[PDB]
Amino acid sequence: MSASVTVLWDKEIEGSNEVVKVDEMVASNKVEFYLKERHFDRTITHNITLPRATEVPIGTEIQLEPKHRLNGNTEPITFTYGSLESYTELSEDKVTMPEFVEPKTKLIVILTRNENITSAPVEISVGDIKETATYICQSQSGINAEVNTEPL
């Protein structure tokens, strides 16, 4: 009813790897800037997938410990085959804005973050049944603010 689990971390595959533009904000001219801080949802989705013809019985628990986590969570993720095959972590990404737009100056705030997909083999055993599943991590980094100044 409960599997022993080993992630072949050294076999990790690097899927998508992108720096994503999240937003841009512009103002022109001292005057005070629109927001002092922006707040952003940040997620990491963890997935387990099994071969279509697997012998793993429906209901089996697969407990693994991911590499990329949020909020300093350390506890294992518990997937259940055929019920709970995905799990999403949510944290609050707080980003400080520039306070002032300076005189004779147009400022541009560029907000970016990294987003990766990685996958790895998971060796699964329930009793005499062995399987190699695939673990998939959909990750987002913290946001970076680039301040760009023009004399207009």
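We number the residues from 1 along the sequence you see.
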### Task
Scan the PDB entry between residue 29 and residue 30 and report the missing deposited residues as one of none, 1 to 3, 4 to 9, 10 or more.
4 to 9
### Task
With reference to the PDB entry, specify whether the mean Cα temperature factor is higher for 48-56 or for 96-104.
96-104
### Message
If you take the mean CA temperature factor per stretch, which one wins between 113-121 and 33-41?
### Response
33-41
### Task
Among the candidates 22, 137, 19, 25, give the one with the maximum CA B-factor reported in the record.
25
### Message
Test of reading the entry: by CA B factor among the chain's modelled residues, which third contains residue 3?
### Response
middle
### Task
Check where residue 70 lands among this chain's C-alpha B-factors and tell me if it's the lowest, middle or highest third.
highest
### residue 84 CA temperature factor, ranked by third within the chain
lowest
